[PDB]
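Written out below as structure tokens is the structure these notes cover.
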Amino acid sequence: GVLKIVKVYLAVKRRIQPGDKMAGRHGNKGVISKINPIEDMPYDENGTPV
Amino acid sequence: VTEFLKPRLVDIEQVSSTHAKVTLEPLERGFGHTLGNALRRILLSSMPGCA
Amino acid sequence: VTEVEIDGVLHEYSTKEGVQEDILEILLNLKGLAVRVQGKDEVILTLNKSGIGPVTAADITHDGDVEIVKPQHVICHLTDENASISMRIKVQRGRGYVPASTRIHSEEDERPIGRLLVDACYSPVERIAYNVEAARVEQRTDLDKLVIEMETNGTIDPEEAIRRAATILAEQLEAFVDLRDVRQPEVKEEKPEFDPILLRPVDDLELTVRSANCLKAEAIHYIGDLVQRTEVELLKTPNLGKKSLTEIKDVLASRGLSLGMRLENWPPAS
Amino acid sequence: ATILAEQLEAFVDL
Amino acid sequence: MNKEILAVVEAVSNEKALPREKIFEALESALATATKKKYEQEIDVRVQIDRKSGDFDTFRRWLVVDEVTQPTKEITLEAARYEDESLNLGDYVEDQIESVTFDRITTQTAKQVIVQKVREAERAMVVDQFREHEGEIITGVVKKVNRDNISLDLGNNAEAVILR
Amino acid sequence: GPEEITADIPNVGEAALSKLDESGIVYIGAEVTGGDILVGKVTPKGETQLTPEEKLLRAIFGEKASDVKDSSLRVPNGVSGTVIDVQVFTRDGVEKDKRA
Amino acid sequence: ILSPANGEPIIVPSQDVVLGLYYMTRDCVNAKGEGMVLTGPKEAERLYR
Amino acid sequence: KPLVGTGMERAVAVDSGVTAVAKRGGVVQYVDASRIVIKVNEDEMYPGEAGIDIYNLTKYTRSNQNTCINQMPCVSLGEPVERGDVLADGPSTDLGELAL
């Protein structure tokens with residue numbers, strides 16, 4: 001006895017942010033810990049950051 | 001807007017009359033380190049005096 | 001770019017029969033676009049294309065002040081024969097970087113479902129390397145010639161960016177070039193009580209222009225001087241029915257005030 | 001601060 | 001519409017105590033509060049639903065007094081120098097019309113008003129009927145005993161009390 | 001009585017209704033926020049009135065407005081998001097919705 | 001700071017900080033600056049920075 | 001694509017179902033953001049049944065763990081594909097290689 005099953009869908013675009021869980025392919029799991037600005041990060045002597 | 005946030009400091013503490021601890025607030029999201037670093041590198045090396 | 005709207009789209013997660021890339025890829029590419037504007041601080045560009053072909057940057061309808069930096073920047077690929085894409089693009093100027101959801105200000109922005117919010121990532125510099133070397137100067141040694149190499153979006157000009165950054169740095173340094181006890185906190189303020197609406201004119205209330213000319217023709221331009229306008233001093237106006245009076249009572253009084261109050265604060269400044 | 005401002009002098013325009 | 005409230009009043013089998021005049025005025029007041037809940041311009045909008053002629057149609061009150069409190073319903077003794085009002089107390093108009101009627105809240109408030117009014121009217125009817133019966137020996141069922149006085153029920157929700 | 005997915009809601013304002021269509025179900029693409037109402041379905045609330053003199057009234061005047069109870073479907077508070085699709089399953093006999 | 005189980009200090013610098021100090025408090029034989037004389041720790045700190 | 005892979009990407013991608021593998025080879029008559037229309041090569045089709053086949057790529061659709069699955073068509077237009085090739089990368093796949 002059900003007349004109108006209305007399913008609604010919801011799409012959320014979840015960006016990365018501190019606290020999320022990232023891991024390589026060698027069990028080296030870890031938690032993202034700070035969204036450091038682009039400049040503060042180390043950078044190679046040709047300018048390209050890491 | 002390309003018009004920044006200049007600080008409004010709160011304290012200039014002067015313990016021992018020759019060893020000061022200044023504070024500044026606020027700076028841009030990255031200006032803190034840049035100003036601190038420039039000032040340190042200047043004061044340590046490039047600062048005319050006498051000895 | 002900071003905002004886009006296409007005709008057939010209802011949300012960035014949709015599709016559009018005819019374009020190869022999905023909507024989200026079009027958003028990413030648009031974000032990848034690089035452009036300079038000169039006079040204004042925002043602009044609304046338009047792109048209309050129809051027929052098979054790679055829809056690229058230069059194929060937009062540029063104005064006189066907006067200037068694309070590189071044409072072959074691919075936006076999408078119209079692959080069906082009679083496919084048509086007509087989109088509007090709000091491109092604004094700012095500082096630094098800002099994500100999408102952090103731009104929420106009201107609900108009218110999201111009112112048109114066609115609104116799509118690309119996260120603005122505008123920072124004309126992409127990578128900045130530098131290094132020093134010994135400068136064979138006129139007469140000294142160990143004078144250091146500094147070289148700065150910059151990979152940028154062709155948006156900002158090298159000397160332009162250098163001098164802008166130098167101005168920023170010099171100003172921010174000037175904040176304590178003469179540092180002191182400038183500490184801010186103060187107390188015991190005496191504030192002009194009148195609400196800023198009173199300084200503003202009638203057109204700062206979203207009223208019908210007819211009642212605007214009516215209160216013009218009945219000696220009302222400010223708002224602190226229409227509150228000094230008795231209730232009998234309003235309807236005498238040439239041709240007030242109820243509608244112009246509706247706007248009057250709505251955007252003058254019904255928003256909190258009266259249709260004329262015997263106040264004695266104004267003028268504290270005029 | 002003054003020494004660095006003098007360093008920069010030949011760049012700013014205000 | 002006029003068909004709606006026509007069916008309303010006519011379907012009322014107890015139109016005796018609820019003739020079309022007072023019924024339609026009560027419905028005017030019901031629609032008044034209904035639109036006042038719809039609008040934010042809280043103005044007592046007496047309707048004059050045009051009892052037998054036509055559909056509904058709204059008005060606007062103006063609460064004539066030297067106070068400009070709630071100016072949406074404020075036009076004072078002579079702050080209506082337009083249209084040759086020639087009015088001293090009660091200067092009102094139909095400034096707006098066509099407030100929705102098929103909604104939920106209108107029907108709910110109309111039902112509430114109608115139940116209240118029919119119960120009040122038939123209570124008055126029964127009270128007058130027993131007023132005719134006054135000075136007689138009337139039976140009834142007791143409702144609630146209190147030390148000082150007793151509340152008796154006579155049927156048709158008719159109440160009586162007997163003191164110490 | 002069976003349920004109804006009618007757009008109208010007795011208590012909530014147009015603000016909580018503006019995101020809806022004439023059929024109650026949200027437009028495909030309206031950016032919903034937490035707590036908001038997707039639908040849009042009210043329920044038969046009351047019982048034991050047993051007043052035919054009013055039932056007959058509300059047989060013609062209130063069979064649609066007798067026992068409303070807004071057991072709508074609201075987005076669980078906390079989750080935002082864009083609506084991108086609305087699937088509808090109907091019990092035959094009942095024709096369809098305009099959305100359906 | 002003393003674990004109720006054993007009176008040993010429970011707050012011990014475990015890793016990523018012990019490495020720092022251990023690298024700092026080490027001694028490369030012929031490094032830049034060997035053989036000087038320093039007028040106080042702050043002096044040597046200024047020298048290193 | 002992951003830079004340092006183990007060669008197993010082709011298998012684990014194709015042998016899954018997430019990638020819409022081309023059934024019968026032919027020429028890409030018509031691509032689109034959601035639909036692909038492959039005109040079969042003149043041989044591998046029955047005598048009748050002009051049978052120009054259509055791959056309907058499932059757009060954004062819920063997962064059993066609430067993750068969008070979207071197949072974008074990785075193939076260009078007019079390029080000829082053989083039997084059992086890749087025509088639409090599945091979720092977290094690239095050019096028919098498992099791209100996590």
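Note on naming: chains are A, B, ... as they come in the structure tokens, residues start from 1 per chain, ligands start from 1 in the order shown.
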
Closest atom pairs, chain B residues within 12 Å of chain A, only C-alpha atoms, as a Markdown table:
```
| residue | atom | partner | partner_atom | distance |
| --- | --- | --- | --- | --- |
| B:28 | CA | A:37 | CA | 11.7 |
| B:29 | CA | A:37 | CA | 8.4 |
| B:30 | CA | A:37 | CA | 7.7 |
| B:31 | CA | A:40 | CA | 10.5 |
| B:32 | CA | A:40 | CA | 11.2 |
| B:33 | CA | A:40 | CA | 8.8 |
| B:34 | CA | A:40 | CA | 9.5 |
```

Output as CSV one row per residue of chain F within 8 Å of chain C: the closest atom pair and its distance in Å to one decimal place, counting only C-alpha atoms, sorted by chain and residue number ascending.
```
residue,atom,partner,partner_atom,distance
F:28,CA,C:10,CA,6.8
F:29,CA,C:11,CA,5.1
F:30,CA,C:113,CA,5.9
F:31,CA,C:110,CA,6.9
F:82,CA,C:11,CA,7.6
F:84,CA,C:13,CA,6.9
```

Check your understanding: Taking only C-alpha atoms into account, which of C:167, C:123, C:20, C:211 comes nearest chain D?
Key ->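 Among the listed residues, the smallest separation from chain D belongs to C:167.
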
Review point. Mind pulling up the distance from CA of residue 11 (chain D) to CA of residue 162 (chain C)?
Key: 8.1 Å

Practice item. Please give the complete set of residues from chain D that DSSP, run on the backbone, assigns to helix (DSSP H, G or I), formatted as a list in words. Key: residues 2, 3, 4, 5, 6, 7 and 8 of chain D

Practice item. Find the spatial neighbours of residue 47 (chain B), counting only C-alpha atoms, within a cut-off of 12 Å - ignore same-chain residues fewer than 3 positions away - and output them as a PyMOL selection string. Key: (chain B and resi 39-44+50) or (chain D and resi 1-4)

**Study point:** Test item: residues at most 6 Å from region 2-5 of chain A, only C-alpha atoms, excluding those fewer than 6 positions along its chain, as a ChimeraX atom specification
**Key:** /F:88-91

Exercise for review: Extract the full set of strand (DSSP E or B) residues from chain H according to DSSP on the backbone, and format it as a PyMOL selection string.
Suggested key: chain H and resi 21+26-30+35-40+53-56+61+69+72+80-81+86+89+93-94+97-98

Take the residues from that selection and put them in a file with C-alpha atoms, as a PDB file, in the first residue's frame.
```pdb
ATOM      1  CA  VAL H  21      33.734  -1.853 -23.527  1.00  0.00           C
ATOM      2  CA  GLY H  26      33.428  -0.118 -36.197  1.00  0.00           C
ATOM      3  CA  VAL H  27      33.692   3.610 -36.739  1.00  0.00           C
ATOM      4  CA  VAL H  28      32.557   6.234 -34.244  1.00  0.00           C
ATOM      5  CA  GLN H  29      29.590   7.673 -36.117  1.00  0.00           C
ATOM      6  CA  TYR H  30      28.467   9.985 -33.333  1.00  0.00           C
ATOM      7  CA  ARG H  35      25.480   8.699 -25.779  1.00  0.00           C
ATOM      8  CA  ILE H  36      27.792   6.938 -28.224  1.00  0.00           C
ATOM      9  CA  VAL H  37      26.653   5.731 -31.641  1.00  0.00           C
ATOM     10  CA  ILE H  38      28.946   3.227 -33.331  1.00  0.00           C
ATOM     11  CA  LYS H  39      28.399   2.302 -36.952  1.00  0.00           C
ATOM     12  CA  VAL H  40      29.453  -1.323 -37.182  1.00  0.00           C
ATOM     13  CA  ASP H  53      24.604   0.187 -32.055  1.00  0.00           C
ATOM     14  CA  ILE H  54      24.223   2.676 -29.220  1.00  0.00           C
ATOM     15  CA  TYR H  55      26.060   2.774 -25.907  1.00  0.00           C
ATOM     16  CA  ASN H  56      24.094   4.715 -23.305  1.00  0.00           C
ATOM     17  CA  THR H  61      24.350   7.743 -10.447  1.00  0.00           C
ATOM     18  CA  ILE H  69      29.744   6.978 -11.060  1.00  0.00           C
ATOM     19  CA  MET H  72      32.908  10.082 -19.831  1.00  0.00           C
ATOM     20  CA  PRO H  80      37.803   3.399 -35.723  1.00  0.00           C
ATOM     21  CA  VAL H  81      37.694   0.989 -32.775  1.00  0.00           C
ATOM     22  CA  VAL H  86      37.400   0.896 -24.484  1.00  0.00           C
ATOM     23  CA  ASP H  89      36.212   5.219 -18.918  1.00  0.00           C
ATOM     24  CA  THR H  93      39.481   5.075 -14.840  1.00  0.00           C
ATOM     25  CA  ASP H  94      41.518   6.600 -17.639  1.00  0.00           C
ATOM     26  CA  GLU H  97      43.516   1.912 -17.136  1.00  0.00           C
ATOM     27  CA  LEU H  98      42.590   1.748 -13.472  1.00  0.00           C
TER      28      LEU H  98
END
```

Practice item. Write out as a list in words the residues lying within 9 Å of residue 35 (chain B), counting only C-alpha atoms and excluding same-chain residues fewer than 5 positions away. Key: residues 40 of chain B; 169, 172 and 173 of chain C

Write out the residues from the selection above, keeping N, CA and C atoms, as an mmCIF file, in the first residue's frame.
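Result written to part.cif:
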```cif
data_model
loop_
_atom_site.group_PDB
_atom_site.id
_atom_site.type_symbol
_atom_site.label_atom_id
_atom_site.label_comp_id
_atom_site.auth_asym_id
_atom_site.auth_seq_id
_atom_site.Cartn_x
_atom_site.Cartn_y
_atom_site.Cartn_z
ATOM 1 N N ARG B 40 64.569 39.650 10.340
ATOM 2 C CA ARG B 40 65.641 38.930 11.009
ATOM 3 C C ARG B 40 66.907 38.945 10.172
ATOM 4 N N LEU C 169 54.502 45.339 -0.332
ATOM 5 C CA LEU C 169 55.478 45.067 0.713
ATOM 6 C C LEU C 169 55.880 46.341 1.436
ATOM 7 N N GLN C 172 52.972 47.457 3.731
ATOM 8 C CA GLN C 172 52.838 46.608 4.906
ATOM 9 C C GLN C 172 54.017 46.772 5.851
ATOM 10 N N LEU C 173 55.190 47.102 5.318
ATOM 11 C CA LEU C 173 56.335 47.383 6.173
ATOM 12 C C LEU C 173 56.160 48.713 6.884
#
```

Practice item. Determine, counting only C-alpha atoms, which protein, DNA and RNA residues have an atom within 9 Å of an atom of residue 11 (chain G); residues of the same chain fewer than 4 positions away are not included. Present the result as a list in words. Key: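 My list of contacting residues is residues 1, 2 and 3 of chain G.
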
Could you turn the residues from that selection into a file that holds N, CA, C and O atoms, as a PDB file, in the first residue's frame?
```pdb
ATOM      1  N   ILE G   1      52.243  13.721  34.309  1.00  0.00           N
ATOM      2  CA  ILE G   1      53.464  13.421  33.584  1.00  0.00           C
ATOM      3  C   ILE G   1      54.077  12.103  34.019  1.00  0.00           C
ATOM      4  O   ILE G   1      54.805  11.488  33.227  1.00  0.00           O
ATOM      5  N   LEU G   2      53.806  11.645  35.233  1.00  0.00           N
ATOM      6  CA  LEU G   2      54.270  10.351  35.702  1.00  0.00           C
ATOM      7  C   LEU G   2      53.126   9.358  35.562  1.00  0.00           C
ATOM      8  O   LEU G   2      52.066   9.541  36.165  1.00  0.00           O
ATOM      9  N   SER G   3      53.336   8.329  34.757  1.00  0.00           N
ATOM     10  CA  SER G   3      52.306   7.321  34.559  1.00  0.00           C
ATOM     11  C   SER G   3      51.988   6.644  35.886  1.00  0.00           C
ATOM     12  O   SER G   3      52.907   6.207  36.588  1.00  0.00           O
TER      13      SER G   3
END
```

Review point. Given a cut-off of 9 Å, which residues of chain C touch chain E, counting only C-alpha atoms, written out as number ranges by chain?
Key: C: 230-243, 246, 249-250, 253-254, 257-261

Check your understanding: Residues at most 10 Å from region 79-87 of chain C, counting only C-alpha atoms, excluding those fewer than 6 positions away in the same chain, as a PyMOL selection string?
Key -> (chain C and resi 4-9+16-21+45-55+60) or (chain H and resi 30-33+76-77)

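Between residue 43 (chain A) and the candidates C:177, C:168, C:128, C:252, the tightest atom-to-atom separation, counting only C-alpha atoms, involves C:128.
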
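Here CA of residue 226 (chain C) stands at a distance of 16.0 Å from CA of residue 208 (chain C).
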
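CA of residue 44 (chain E) is positioned 20.5 Å from CA of residue 13 (chain F).
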